>>> print(open('model_24.cif').read())   # mmCIF, C-alpha atoms
data_entry
loop_
_atom_site.label_atom_id
_atom_site.label_comp_id
_atom_site.auth_asym_id
_atom_site.auth_seq_id
_atom_site.Cartn_x
_atom_site.Cartn_y
_atom_site.Cartn_z
CA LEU A 9 47.05 -72.50 41.86
CA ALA A 10 44.20 -70.02 42.34
CA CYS A 11 42.18 -68.60 45.23
CA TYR A 12 38.71 -67.15 44.75
CA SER A 13 38.64 -64.44 47.41
CA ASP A 14 36.28 -61.77 48.64
CA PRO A 15 38.56 -58.77 49.01
CA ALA A 16 36.39 -57.38 51.80
CA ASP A 17 36.01 -60.72 53.67
CA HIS A 18 37.91 -61.57 56.83
CA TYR A 19 37.64 -65.34 56.09
CA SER A 20 39.22 -64.77 52.67
CA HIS A 21 41.82 -62.59 54.42
CA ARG A 22 42.84 -65.56 56.58
CA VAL A 23 43.78 -67.59 53.52
CA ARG A 24 45.59 -64.68 51.87
CA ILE A 25 47.72 -64.39 55.03
CA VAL A 26 48.60 -68.11 54.99
CA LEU A 27 49.51 -67.90 51.28
CA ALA A 28 51.72 -64.88 51.99
CA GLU A 29 53.43 -66.59 54.97
CA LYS A 30 54.22 -69.61 52.78
CA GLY A 31 55.52 -67.41 49.96
CA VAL A 32 53.04 -68.98 47.54
CA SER A 33 51.87 -66.73 44.72
CA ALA A 34 48.39 -67.98 43.91
CA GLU A 35 46.29 -66.30 41.28
CA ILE A 36 43.95 -64.25 43.52
CA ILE A 37 40.57 -63.99 41.75
CA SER A 38 38.52 -61.27 43.50
CA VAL A 39 34.82 -62.09 43.83
CA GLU A 40 32.52 -59.45 45.26
CA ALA A 41 30.28 -60.70 48.11
CA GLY A 42 27.31 -62.85 47.06
CA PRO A 45 31.31 -66.23 38.62
CA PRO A 46 30.58 -69.46 36.66
CA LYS A 47 34.04 -71.00 37.20
CA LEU A 48 33.63 -70.78 40.98
CA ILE A 49 30.20 -72.39 40.94
CA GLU A 50 31.59 -75.13 38.63
CA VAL A 51 34.26 -76.22 41.19
CA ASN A 52 32.34 -75.35 44.37
CA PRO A 53 28.60 -75.79 44.14
CA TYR A 54 28.21 -73.84 47.42
CA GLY A 55 29.74 -70.75 45.82
CA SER A 56 31.44 -69.92 49.12
CA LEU A 57 34.57 -67.79 49.61
CA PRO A 58 37.44 -68.35 49.90
CA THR A 59 37.82 -71.29 47.51
CA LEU A 60 41.29 -72.65 46.67
CA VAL A 61 41.83 -74.54 43.39
CA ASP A 62 45.05 -76.62 43.09
CA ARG A 63 45.15 -78.14 39.62
CA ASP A 64 41.68 -79.81 39.63
CA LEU A 65 41.29 -79.98 43.46
CA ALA A 66 38.82 -77.47 44.96
CA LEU A 67 38.74 -76.71 48.65
CA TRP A 68 36.66 -74.31 50.70
CA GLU A 69 36.00 -73.49 54.39
CA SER A 70 38.84 -71.26 55.60
CA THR A 71 39.99 -73.84 58.19
CA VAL A 72 40.17 -76.65 55.63
CA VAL A 73 42.09 -74.46 53.20
CA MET A 74 44.54 -73.13 55.85
CA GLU A 75 45.35 -76.59 57.13
CA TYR A 76 45.86 -77.89 53.54
CA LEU A 77 48.27 -75.05 52.83
CA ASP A 78 50.15 -75.68 56.11
CA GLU A 79 50.48 -79.41 55.28
CA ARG A 80 51.24 -78.97 51.54
CA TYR A 81 53.82 -76.18 52.05
CA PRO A 82 55.52 -77.11 55.28
CA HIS A 83 57.88 -74.12 55.69
CA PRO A 84 57.46 -71.99 57.77
CA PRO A 85 55.27 -74.17 60.01
CA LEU A 86 52.09 -72.43 61.11
CA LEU A 87 51.20 -74.98 63.81
CA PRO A 88 53.19 -76.56 66.64
CA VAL A 89 54.76 -79.98 66.34
CA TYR A 90 53.43 -81.99 69.32
CA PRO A 91 49.79 -83.21 69.64
CA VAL A 92 48.75 -81.28 72.78
CA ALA A 93 50.10 -77.95 71.60
CA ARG A 94 48.56 -78.47 68.18
CA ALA A 95 45.18 -79.21 69.78
CA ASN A 96 45.53 -76.12 71.91
CA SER A 97 46.12 -74.03 68.79
CA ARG A 98 43.13 -75.58 67.06
CA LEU A 99 40.99 -74.98 70.15
CA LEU A 100 42.09 -71.32 70.21
CA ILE A 101 40.97 -71.01 66.55
CA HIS A 102 37.59 -72.47 67.57
CA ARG A 103 37.28 -70.02 70.51
CA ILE A 104 38.18 -67.05 68.24
CA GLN A 105 35.51 -68.21 65.82
CA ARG A 106 32.84 -68.72 68.48
CA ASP A 107 33.44 -65.68 70.67
CA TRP A 108 34.93 -63.04 68.29
CA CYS A 109 34.18 -63.91 64.66
CA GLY A 110 30.49 -64.34 65.42
CA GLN A 111 30.44 -60.75 66.68
CA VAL A 112 32.38 -59.50 63.64
CA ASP A 113 29.90 -61.20 61.31
CA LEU A 114 26.89 -59.71 63.15
CA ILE A 115 28.39 -56.23 63.06
CA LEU A 116 29.19 -56.38 59.34
CA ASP A 117 25.88 -57.99 58.21
CA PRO A 118 23.69 -55.16 56.80
CA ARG A 119 20.64 -57.14 58.03
CA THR A 120 21.57 -57.10 61.72
CA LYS A 121 19.24 -54.92 63.79
CA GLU A 122 21.04 -51.88 65.16
CA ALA A 123 20.52 -52.77 68.83
CA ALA A 124 22.14 -56.16 68.18
CA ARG A 125 24.98 -54.53 66.19
CA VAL A 126 25.65 -52.12 69.04
CA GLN A 127 25.68 -54.93 71.62
CA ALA A 128 27.99 -57.05 69.43
CA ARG A 129 30.42 -54.14 69.28
CA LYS A 130 30.32 -53.64 73.04
CA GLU A 131 30.91 -57.37 73.69
CA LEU A 132 33.73 -57.66 71.17
CA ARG A 133 35.45 -54.51 72.51
CA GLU A 134 35.19 -55.74 76.11
CA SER A 135 36.39 -59.25 75.24
CA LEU A 136 39.44 -58.01 73.31
CA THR A 137 40.27 -55.62 76.13
CA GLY A 138 39.92 -58.55 78.61
CA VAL A 139 42.39 -60.80 76.72
CA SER A 140 44.91 -57.99 76.12
CA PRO A 141 47.15 -58.89 79.11
CA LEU A 142 47.92 -62.22 77.39
CA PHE A 143 49.76 -60.29 74.65
CA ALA A 144 52.35 -58.92 77.08
CA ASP A 145 54.72 -61.88 77.31
CA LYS A 146 54.64 -63.73 73.97
CA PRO A 147 55.25 -62.07 70.58
CA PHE A 148 52.42 -63.96 68.85
CA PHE A 149 49.06 -64.97 70.23
CA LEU A 150 49.92 -67.49 72.99
CA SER A 151 52.90 -68.43 70.86
CA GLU A 152 56.55 -67.67 70.13
CA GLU A 153 56.00 -68.07 66.38
CA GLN A 154 53.42 -66.85 63.86
CA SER A 155 50.69 -69.48 63.65
CA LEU A 156 47.29 -70.17 62.14
CA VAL A 157 45.87 -68.60 65.34
CA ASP A 158 47.37 -65.25 64.29
CA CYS A 159 46.09 -65.79 60.75
CA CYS A 160 42.52 -65.87 62.19
CA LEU A 161 43.05 -62.98 64.59
CA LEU A 162 44.76 -60.47 62.35
CA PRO A 163 41.88 -59.98 59.87
CA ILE A 164 39.56 -59.11 62.78
CA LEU A 165 42.01 -56.69 64.40
CA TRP A 166 42.73 -55.04 61.02
CA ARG A 167 39.00 -54.33 60.79
CA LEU A 168 38.51 -52.64 64.20
CA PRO A 169 37.98 -49.20 62.63
CA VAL A 170 35.32 -50.52 60.17
CA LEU A 171 33.71 -52.41 63.07
CA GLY A 172 33.48 -49.16 65.02
CA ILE A 173 35.81 -50.30 67.81
CA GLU A 174 38.63 -48.34 69.39
CA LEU A 175 40.51 -50.21 72.07
CA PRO A 176 41.32 -48.45 75.34
CA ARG A 177 44.86 -47.50 76.44
CA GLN A 178 44.91 -50.37 78.95
CA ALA A 179 44.88 -52.72 75.97
CA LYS A 180 48.43 -51.59 75.03
CA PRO A 181 49.86 -55.15 74.81
CA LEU A 182 47.28 -56.00 72.16
CA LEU A 183 47.76 -52.66 70.38
CA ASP A 184 51.55 -53.34 70.35
CA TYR A 185 50.89 -56.81 68.90
CA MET A 186 48.86 -55.09 66.14
CA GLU A 187 51.64 -52.59 65.45
CA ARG A 188 54.29 -55.36 65.06
CA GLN A 189 52.02 -57.70 63.14
CA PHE A 190 50.60 -55.21 60.67
CA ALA A 191 54.16 -54.16 59.74
CA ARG A 192 55.32 -57.68 58.83
CA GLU A 193 56.02 -58.31 55.17
CA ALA A 194 53.69 -61.29 54.89
CA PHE A 195 50.77 -59.43 56.44
CA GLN A 196 51.33 -56.42 54.17
CA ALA A 197 51.39 -58.82 51.22
CA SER A 198 48.11 -60.38 52.26
CA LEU A 199 46.06 -57.14 52.10
CA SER A 200 43.54 -56.65 49.35
CA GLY A 201 43.04 -53.22 47.89
CA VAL A 202 39.72 -52.90 49.74
CA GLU A 203 41.43 -53.91 53.00
CA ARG A 204 44.28 -51.42 52.56
CA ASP A 205 41.70 -48.65 52.23
CA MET A 206 40.15 -49.61 55.61
CA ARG A 207 43.03 -47.84 57.41
CA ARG B 8 44.28 -89.93 83.82
CA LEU B 9 42.42 -89.69 80.44
CA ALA B 10 38.75 -88.85 80.87
CA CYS B 11 35.94 -87.63 78.68
CA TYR B 12 32.99 -85.67 80.01
CA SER B 13 30.23 -86.86 77.66
CA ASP B 14 26.50 -86.27 77.12
CA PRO B 15 25.19 -89.83 76.69
CA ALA B 16 22.35 -88.57 74.50
CA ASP B 17 24.19 -86.18 72.22
CA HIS B 18 25.61 -86.99 68.78
CA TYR B 19 28.65 -84.68 69.21
CA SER B 20 29.70 -86.64 72.31
CA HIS B 21 28.94 -89.87 70.44
CA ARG B 22 31.54 -88.85 67.80
CA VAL B 23 34.26 -88.71 70.41
CA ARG B 24 33.11 -91.98 72.07
CA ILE B 25 33.51 -93.70 68.67
CA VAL B 26 37.04 -92.33 68.23
CA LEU B 27 38.00 -93.34 71.79
CA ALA B 28 36.74 -96.85 71.16
CA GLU B 29 38.47 -97.09 67.74
CA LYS B 30 41.80 -96.07 69.30
CA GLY B 31 41.47 -98.45 72.28
CA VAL B 32 42.73 -95.77 74.63
CA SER B 33 41.16 -96.88 77.90
CA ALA B 34 39.44 -93.44 78.55
CA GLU B 35 37.19 -92.83 81.66
CA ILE B 36 33.76 -91.84 80.35
CA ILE B 37 32.06 -89.43 82.65
CA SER B 38 28.36 -89.02 81.88
CA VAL B 39 26.88 -85.53 82.14
CA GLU B 40 23.12 -84.78 82.02
CA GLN B 44 27.82 -79.09 85.44
CA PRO B 45 30.50 -81.02 87.41
CA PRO B 46 32.89 -78.54 89.03
CA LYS B 47 35.99 -80.29 87.60
CA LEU B 48 34.44 -79.80 84.16
CA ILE B 49 33.71 -76.10 84.69
CA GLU B 50 37.22 -75.78 86.21
CA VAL B 51 38.93 -76.91 82.98
CA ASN B 52 36.25 -75.80 80.50
CA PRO B 53 34.51 -72.57 81.49
CA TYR B 54 32.01 -72.98 78.60
CA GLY B 55 30.86 -76.23 80.24
CA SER B 56 30.33 -77.79 76.83
CA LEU B 57 30.35 -81.49 76.01
CA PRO B 58 32.31 -83.44 75.04
CA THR B 59 35.35 -82.33 77.00
CA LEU B 60 38.51 -84.39 77.13
CA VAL B 61 40.80 -84.09 80.17
CA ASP B 62 44.21 -85.59 81.03
CA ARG B 63 47.21 -84.41 83.03
CA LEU B 65 45.20 -81.27 78.87
CA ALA B 66 41.72 -79.83 78.55
CA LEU B 67 40.04 -79.93 75.17
CA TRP B 68 36.54 -79.46 73.83
CA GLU B 69 34.69 -79.12 70.51
CA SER B 70 34.28 -82.51 68.90
CA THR B 71 36.54 -81.81 65.89
CA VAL B 72 39.36 -80.53 68.11
CA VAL B 73 39.06 -83.60 70.33
CA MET B 74 38.85 -86.07 67.42
CA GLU B 75 41.94 -84.70 65.68
CA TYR B 76 43.92 -84.61 68.97
CA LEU B 77 43.06 -88.29 69.49
CA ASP B 78 44.07 -89.17 65.93
CA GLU B 79 47.45 -87.39 66.33
CA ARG B 80 48.17 -88.57 69.88
CA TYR B 81 47.21 -92.23 69.36
CA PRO B 82 48.13 -93.14 65.80
CA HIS B 83 46.58 -96.61 65.39
CA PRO B 84 44.35 -97.21 63.66
CA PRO B 85 44.73 -94.08 61.51
CA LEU B 86 41.40 -92.26 61.17
CA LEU B 87 42.63 -89.76 58.57
CA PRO B 88 44.55 -90.12 55.31
CA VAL B 89 48.33 -89.66 55.33
CA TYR B 90 48.77 -87.22 52.48
CA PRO B 91 47.69 -83.56 52.33
CA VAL B 92 45.19 -83.71 49.48
CA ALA B 93 43.26 -86.69 50.82
CA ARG B 94 43.36 -85.21 54.33
CA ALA B 95 41.91 -81.94 53.00
CA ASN B 96 39.20 -83.90 51.22
CA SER B 97 38.33 -85.64 54.49
CA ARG B 98 38.28 -82.39 56.42
CA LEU B 99 36.04 -80.81 53.76
CA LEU B 100 33.65 -83.81 53.95
CA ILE B 101 33.43 -83.35 57.71
CA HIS B 102 32.58 -79.66 57.16
CA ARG B 103 29.89 -80.53 54.59
CA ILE B 104 28.40 -83.17 56.91
CA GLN B 105 28.30 -80.57 59.66
CA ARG B 106 26.77 -77.84 57.52
CA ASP B 107 24.23 -79.87 55.54
CA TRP B 108 23.34 -82.85 57.74
CA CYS B 109 24.21 -81.99 61.34
CA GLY B 110 22.47 -78.62 60.96
CA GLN B 111 19.27 -80.55 60.17
CA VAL B 112 19.77 -82.99 63.04
CA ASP B 113 20.21 -80.11 65.45
CA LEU B 114 17.14 -78.32 64.08
CA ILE B 115 14.96 -81.45 64.51
CA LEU B 116 16.15 -82.03 68.09
CA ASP B 117 15.97 -78.40 69.24
CA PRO B 118 12.98 -78.01 71.58
CA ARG B 119 12.30 -74.52 70.11
CA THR B 120 11.72 -75.75 66.52
CA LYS B 121 8.17 -75.52 65.07
CA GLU B 122 6.87 -79.06 64.40
CA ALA B 123 6.19 -78.10 60.76
CA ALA B 124 9.89 -77.03 60.49
CA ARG B 125 10.93 -80.40 61.96
CA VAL B 126 8.91 -82.14 59.25
CA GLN B 127 10.69 -80.08 56.61
CA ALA B 128 14.12 -80.72 58.04
CA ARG B 129 13.35 -84.47 58.14
CA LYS B 130 12.41 -84.35 54.42
CA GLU B 131 15.56 -82.38 53.49
CA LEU B 132 17.88 -84.70 55.44
CA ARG B 133 16.14 -87.85 54.17
CA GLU B 134 16.42 -86.67 50.56
CA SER B 135 20.02 -85.53 50.91
CA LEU B 136 21.11 -88.83 52.43
CA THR B 137 19.19 -90.69 49.70
CA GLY B 138 20.91 -88.58 47.02
CA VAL B 139 24.34 -89.57 48.38
CA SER B 140 23.46 -93.27 48.97
CA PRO B 141 24.95 -94.41 45.61
CA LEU B 142 28.45 -93.38 46.82
CA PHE B 143 28.20 -96.10 49.48
CA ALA B 144 28.25 -98.78 46.78
CA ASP B 145 31.77 -97.75 45.67
CA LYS B 146 33.79 -98.02 48.91
CA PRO B 147 33.16 -99.91 52.18
CA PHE B 148 33.52 -96.77 54.33
CA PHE B 149 32.32 -93.31 53.38
CA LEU B 150 34.48 -92.45 50.37
CA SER B 151 37.26 -94.49 51.95
CA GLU B 152 38.77 -97.96 52.12
CA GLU B 153 39.25 -97.60 55.91
CA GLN B 154 37.16 -96.31 58.85
CA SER B 155 37.86 -92.60 59.30
CA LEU B 156 36.82 -89.50 61.18
CA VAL B 157 34.28 -88.94 58.38
CA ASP B 158 32.51 -92.16 59.48
CA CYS B 159 32.81 -91.10 63.12
CA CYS B 160 30.78 -87.97 62.28
CA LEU B 161 28.26 -89.80 60.15
CA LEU B 162 27.44 -92.83 62.32
CA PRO B 163 25.93 -90.86 65.24
CA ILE B 164 23.49 -89.21 62.80
CA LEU B 165 22.59 -92.50 61.12
CA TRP B 166 22.13 -94.25 64.45
CA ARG B 167 19.56 -91.52 65.32
CA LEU B 168 17.36 -91.71 62.21
CA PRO B 169 14.49 -93.44 64.12
CA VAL B 170 14.46 -90.87 66.95
CA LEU B 171 14.72 -88.15 64.30
CA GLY B 172 11.60 -89.54 62.63
CA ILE B 173 13.40 -90.41 59.39
CA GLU B 174 12.99 -93.64 57.46
CA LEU B 175 15.29 -94.06 54.44
CA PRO B 176 13.66 -95.41 51.27
CA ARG B 177 14.71 -98.78 49.76
CA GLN B 178 16.40 -96.71 47.03
CA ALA B 179 19.04 -95.92 49.67
CA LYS B 180 20.12 -99.59 49.96
CA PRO B 181 23.91 -99.03 49.79
CA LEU B 182 23.67 -96.57 52.72
CA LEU B 183 21.40 -98.94 54.61
CA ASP B 184 23.95 -101.74 54.00
CA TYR B 185 26.72 -99.44 55.25
CA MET B 186 24.70 -98.82 58.43
CA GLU B 187 24.21 -102.60 58.95
CA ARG B 188 27.96 -103.31 58.72
CA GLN B 189 29.02 -100.26 60.73
CA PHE B 190 26.58 -100.65 63.61
CA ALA B 191 27.81 -104.22 64.19
CA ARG B 192 31.52 -103.26 64.32
CA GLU B 193 33.14 -103.76 67.74
CA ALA B 194 34.23 -100.15 68.28
CA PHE B 195 30.93 -98.62 67.32
CA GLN B 196 29.17 -101.06 69.62
CA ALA B 197 31.54 -100.07 72.45
CA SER B 198 30.79 -96.39 71.86
CA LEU B 199 27.06 -96.69 72.61
CA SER B 200 25.64 -95.29 75.80
CA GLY B 201 22.60 -96.86 77.43
CA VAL B 202 20.53 -93.85 76.34
CA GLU B 203 21.69 -94.41 72.72
CA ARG B 204 20.87 -98.12 72.85
CA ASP B 205 17.30 -97.12 73.90
CA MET B 206 17.06 -95.17 70.60
CA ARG B 207 16.72 -98.44 68.61
#
>>> encode(input="model_24.cif", output="structure tokens")
Amino acid sequence: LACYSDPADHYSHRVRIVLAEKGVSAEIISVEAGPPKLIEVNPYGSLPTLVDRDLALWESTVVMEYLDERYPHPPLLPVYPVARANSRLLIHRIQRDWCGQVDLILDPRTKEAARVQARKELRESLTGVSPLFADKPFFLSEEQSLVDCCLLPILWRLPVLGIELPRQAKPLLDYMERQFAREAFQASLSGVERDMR
Amino acid sequence: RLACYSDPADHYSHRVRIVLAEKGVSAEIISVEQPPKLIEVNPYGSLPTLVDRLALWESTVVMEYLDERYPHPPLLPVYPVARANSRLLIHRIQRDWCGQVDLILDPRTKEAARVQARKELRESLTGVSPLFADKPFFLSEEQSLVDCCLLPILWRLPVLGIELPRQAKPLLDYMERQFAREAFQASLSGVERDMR
């Protein structure tokens, strides 16, 4: 079991969190952004790529759901169909509304005006959702889920994204404090990621 | 009760209308060409949106909810590896084929860029056509969500300005069988019927 992973990449970070939550020690092969063995199993050369015996999977969502189904404990999705769909919809909304901004900010080719606006929008949006972190210990959940596995890599990166949340976002800042301290999250961090804070 | 706000012209809504028909779930189809009940439950106002006593959108979210909520017939494999393979195929169809469909249909695309996207999609589909000789559904013995994503694109080849070459016979044969199937026929809006 191996995972080709960009140690700087929030999408690779998602899969490293899932692996850590499941207690699965994969061989983590660090690939800098942009090797033959990876292109051999995944002609797209995208990261992360999971290889399980001779099975290659890519797309962080595909890989996270495979790991959640293959290694059932602890479950990272709800049990019933509506709640599961709600979790998958929340992952889609995080991708659409937050990850798009992250990707624009971090792309060296983004024009500065666009980078600045992306930062402003992402800061405002995270501040706006903060009240939802007051009453449940995980994001809209009583248990760590794949939703948190998508959120945490973004929140870890706020300093590198140039975003400081305001004091009124305390519920979200408290969620960060609890979540970043958890064993599985600490285990997920690449060397590059640890150096971001 | 169960309703689906649907764009009768759009291939992402067509995906969900295929799944609803396959599952026989008696859903109310509400055609949209911004109803307040829709904006009430989905502030993005995107289509398709499924609503029940539940509010879901994004075609992949909606399709997997339907497959989990209404088990028969199963539209995904049972075991994790095969399920991951199906999910990855859906992603590749989205990235490589749906991206081209969307580019061709976007009113902002340069006509020369539409011609190029038509070529790229035609060639890619032709390159994969031999895999349709090996199994009666796309890399599967049974209709699946992979087919539900592919059939709306294939139904639209004429309106996309794409004619497959005779070399693509197994894919053409797949289209013949699939378009005649009861559920796919039930999925078609009037607007989609006008497309052929």
>>> closest_residue(input="model_24.cif", among="A:113, A:50, A:145, A:35", to="residue A:182", atoms="all atoms listed in the file")
A:145
>>> residues_around(input="model_24.cif", residues="residue A:205", least_positions_apart="4", cutoff="12 Å", atoms="all atoms listed in the file", output="PyMOL selection string")
chain A and resi 15-16+166-167+169-170+199-201
>>> resolve_selection(input="model_24.cif", expression="the PyMOL selection byres ((chain A) within 12 of (chain B))", output="PyMOL selection string")
chain A and resi 52-54+59-82+89-103+105-107
>>> residues_around(input="model_24.cif", residues="residue A:173", least_positions_apart="2", cutoff="10 Å", atoms="all atoms listed in the file", output="PDB file with C-alpha atoms, in the coordinates of the input")
ATOM      1  CA  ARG A 129      30.420 -54.140  69.280  1.00  0.00           C
ATOM      2  CA  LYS A 130      30.320 -53.640  73.040  1.00  0.00           C
ATOM      3  CA  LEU A 132      33.730 -57.660  71.170  1.00  0.00           C
ATOM      4  CA  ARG A 133      35.450 -54.510  72.510  1.00  0.00           C
ATOM      5  CA  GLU A 134      35.190 -55.740  76.110  1.00  0.00           C
ATOM      6  CA  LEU A 165      42.010 -56.690  64.400  1.00  0.00           C
ATOM      7  CA  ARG A 167      39.000 -54.330  60.790  1.00  0.00           C
ATOM      8  CA  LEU A 168      38.510 -52.640  64.200  1.00  0.00           C
ATOM      9  CA  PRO A 169      37.980 -49.200  62.630  1.00  0.00           C
ATOM     10  CA  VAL A 170      35.320 -50.520  60.170  1.00  0.00           C
ATOM     11  CA  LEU A 171      33.710 -52.410  63.070  1.00  0.00           C
ATOM     12  CA  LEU A 175      40.510 -50.210  72.070  1.00  0.00           C
ATOM     13  CA  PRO A 176      41.320 -48.450  75.340  1.00  0.00           C
TER      14      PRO A 176
END
>>> residues_around(input="model_24.cif", residues="residue B:17", least_positions_apart="2", cutoff="10 Å", atoms="all atoms listed in the file", output="list in words")
residues 13, 14, 15, 19, 20, 21, 22, 40, 57, 58, 113, 116, 163, 164, 167, 200, 202 and 203 of chain B
>>> resolve_selection(input="model_24.cif", expression="the PyMOL selection byres ((chain A and resi 36) around 8)", output="PyMOL selection string")
chain A and resi 10-13+34-35+37-38
>>> write_last_selection(input="model_24.cif", atoms="C-alpha atoms", output="mmCIF file, keeping the file's coordinate frame")
data_model
loop_
_atom_site.group_PDB
_atom_site.id
_atom_site.type_symbol
_atom_site.label_atom_id
_atom_site.label_comp_id
_atom_site.auth_asym_id
_atom_site.auth_seq_id
_atom_site.Cartn_x
_atom_site.Cartn_y
_atom_site.Cartn_z
ATOM 1 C CA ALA A 10 44.200 -70.020 42.340
ATOM 2 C CA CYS A 11 42.180 -68.600 45.230
ATOM 3 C CA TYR A 12 38.710 -67.150 44.750
ATOM 4 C CA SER A 13 38.640 -64.440 47.410
ATOM 5 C CA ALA A 34 48.390 -67.980 43.910
ATOM 6 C CA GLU A 35 46.290 -66.300 41.280
ATOM 7 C CA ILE A 37 40.570 -63.990 41.750
ATOM 8 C CA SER A 38 38.520 -61.270 43.500
#
>>> resolve_selection(input="model_24.cif", expression="the PyMOL selection byres ((chain B and resi 145-149) around 12)", output="PyMOL selection string")
chain B and resi 86+96-97+100-101+104+139-144+150-162+181-182+184-189
>>> residues_near_point(input="model_24.cif", point="(46.9, -51.7, 69.7)", cutoff="12 Å", atoms="all atoms listed in the file", output="VMD selection string")
chain A and resid 136 to 137 140 to 141 143 to 144 162 165 to 166 168 to 169 173 to 190
>>> write_last_selection(input="model_24.cif", atoms="C-alpha atoms", output="CSV table (one decimal), in the coordinates of the input")
chain,number,residue,atom,x,y,z
A,136,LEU,CA,39.4,-58.0,73.3
A,137,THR,CA,40.3,-55.6,76.1
A,140,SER,CA,44.9,-58.0,76.1
A,141,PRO,CA,47.2,-58.9,79.1
A,143,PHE,CA,49.8,-60.3,74.6
A,144,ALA,CA,52.4,-58.9,77.1
A,162,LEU,CA,44.8,-60.5,62.4
A,165,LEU,CA,42.0,-56.7,64.4
A,166,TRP,CA,42.7,-55.0,61.0
A,168,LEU,CA,38.5,-52.6,64.2
A,169,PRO,CA,38.0,-49.2,62.6
A,173,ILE,CA,35.8,-50.3,67.8
A,174,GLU,CA,38.6,-48.3,69.4
A,175,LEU,CA,40.5,-50.2,72.1
A,176,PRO,CA,41.3,-48.4,75.3
A,177,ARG,CA,44.9,-47.5,76.4
A,178,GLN,CA,44.9,-50.4,79.0
A,179,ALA,CA,44.9,-52.7,76.0
A,180,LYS,CA,48.4,-51.6,75.0
A,181,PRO,CA,49.9,-55.2,74.8
A,182,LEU,CA,47.3,-56.0,72.2
A,183,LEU,CA,47.8,-52.7,70.4
A,184,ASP,CA,51.6,-53.3,70.4
A,185,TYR,CA,50.9,-56.8,68.9
A,186,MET,CA,48.9,-55.1,66.1
A,187,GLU,CA,51.6,-52.6,65.4
A,188,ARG,CA,54.3,-55.4,65.1
A,189,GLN,CA,52.0,-57.7,63.1
A,190,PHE,CA,50.6,-55.2,60.7
>>> atom_distance(input="model_24.cif", atom1="atom CA of residue A:126", atom2="atom CA of residue A:148")
29.3 Å
>>> closest_residue(input="model_24.cif", among="B:35, B:29, B:122, B:107", to="residue B:84", atoms="all atoms listed in the file")
B:29
>>> atom_distance(input="model_24.cif", atom1="atom CA of residue A:111", atom2="atom CA of residue A:149")
19.4 Å
>>> axis_aligned_box(input="model_24.cif", around="stretch 178-196 of chain B", padding_each_side="5 Å", output="JSON")
{"center_x": 25.3, "center_y": -100.1, "center_z": 58.3, "size_x": 27.8, "size_y": 18.3, "size_z": 32.6}
>>> atom_distance(input="model_24.cif", atom1="atom CA of residue A:118", atom2="atom CA of residue A:42")
12.9 Å
